[PDB]
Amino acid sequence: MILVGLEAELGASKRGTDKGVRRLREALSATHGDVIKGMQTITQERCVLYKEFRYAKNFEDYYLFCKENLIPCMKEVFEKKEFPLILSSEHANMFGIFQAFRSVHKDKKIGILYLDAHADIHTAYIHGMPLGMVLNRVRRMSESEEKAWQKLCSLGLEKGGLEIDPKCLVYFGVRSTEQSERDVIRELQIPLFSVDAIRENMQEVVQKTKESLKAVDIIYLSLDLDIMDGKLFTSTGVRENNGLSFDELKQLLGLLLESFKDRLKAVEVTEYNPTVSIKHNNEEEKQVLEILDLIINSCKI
């Protein structure tokens, strides 16, 4: 297995999520990352630098960085046969990472399992819009600006890739969105399983997920820890109430990993920010580490 750890090229020590990533990397290294009973699960720990997207503030810089640094590095990772566990730090990085994923699997239909309290389709003022860029639904805007966005949303695809089928993006636990995001979801008919549907019948949720993904060749799982209830888990930047319990997430994760074991080619876990926790113990870190053990132990086979 390959462990990818994202870190901001600039000002990483000021970022609570980057600190989360370094904590998890060191923790992993000791365990999964070391020889346990004659076996080393994580054979490589790779650090990947990223640049924060500040929209108008640094559009060009971000564009160039992604095209020249982030995407090329992630493609190198996705080109290896070994299963990759990606610590993204911040969900916004999912864009560059996923474009690299699409680039490597250019002739494959890709499905997305997105566990998050947010839809991440449109920037709200809080959370980015990686999916809005993956889906090409970024939207006042000049023709030059739309040209710039088309340029960006297209990175890493101009030797081609398929466009993502909005119906193959499956949302889990989404509960905090903008009407503009809800309009895209309704219009594109993107399957969305709420906290209640998951809690009421996880089995049906998974079965309906299979139906939506029956035609895809490979799957990408992106997990945002804020899918867990904001009161129960506080080590995340944007906490949302009415979320899943720690055990519910573990149950949903186990089923999804087992149900899609064959086509799952990558797992991304993001938004772990220990600096904003309101608790004074090891509880939350232990929970994240347990989430990681569960993912690693299921996918290493």
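Numbers for residues come from their place in the sequence shown, where the first is 1.
S.K.: How many residues that are in the deposited sequence but not in the model lie between residue 139 and residue 140: none, 1 to 3, 4 to 9, or 10 or more?
M.R.: Count of unmodelled residues in between: 4 to 9.
S.K.: Using none, 1 to 3, 4 to 9 or 10 or more, say how many deposited residues go missing between residue 125 and residue 126.
M.R.: The entry has 4 to 9 unmodelled residues between residue 125 and residue 126.
S.K.: Give the stretch, out of 145-153 and 82-90, with the larger mean C-alpha temperature factor in the deposited entry.
M.R.: Higher mean C-alpha B-factor: 145-153.
S.K.: Of 61-69 and 24-32, which one has the bigger average CA B-factor?
M.R.: Averaged over C-alpha atoms, the B-factors run higher in 61-69.
S.K.: In terms of CA temperature factor as recorded, identify the highest of 76, 181, 211, 226.
M.R.: When the deposited C-alpha B-factors of 76, 181, 211, 226 are compared, 211 is largest.
S.K.: Taking the Cα B-factors listed in the entry, which of 45, 248, 268, 52 comes out highest?
M.R.: Among 45, 248, 268, 52, the PDB entry lists the largest C-alpha B-factor for 52.
S.K.: Sorting the chain's CA B-factors, does residue 284 end up in the lowest, middle or highest third?
M.R.: CA B-factor rank for residue 284: middle third.
S.K.: Relative to the other modelled residues of the same chain, rank the CA B-factor of residue 118 and answer lowest, middle or highest third.
M.R.: It falls in the bottom third of the chain.
S.K.: For residue 273, does the deposited CA B-factor place it in the lowest, middle or highest third of the chain?
M.R.: It falls in the middle third of the chain.
S.K.: Can you tell me whether residue 222 has a C-alpha B-factor in the lowest, middle or highest third compared with the other modelled residues of the same chain?
M.R.: Lowest third - that is where residue 222 ends up once the chain's C-alpha B-factors are sorted.
S.K.: Which third, lowest, middle or highest, does the C-alpha temperature factor of residue 130 belong to within its own chain?
M.R.: Answer is middle: the recorded C-alpha B-factor places it there.
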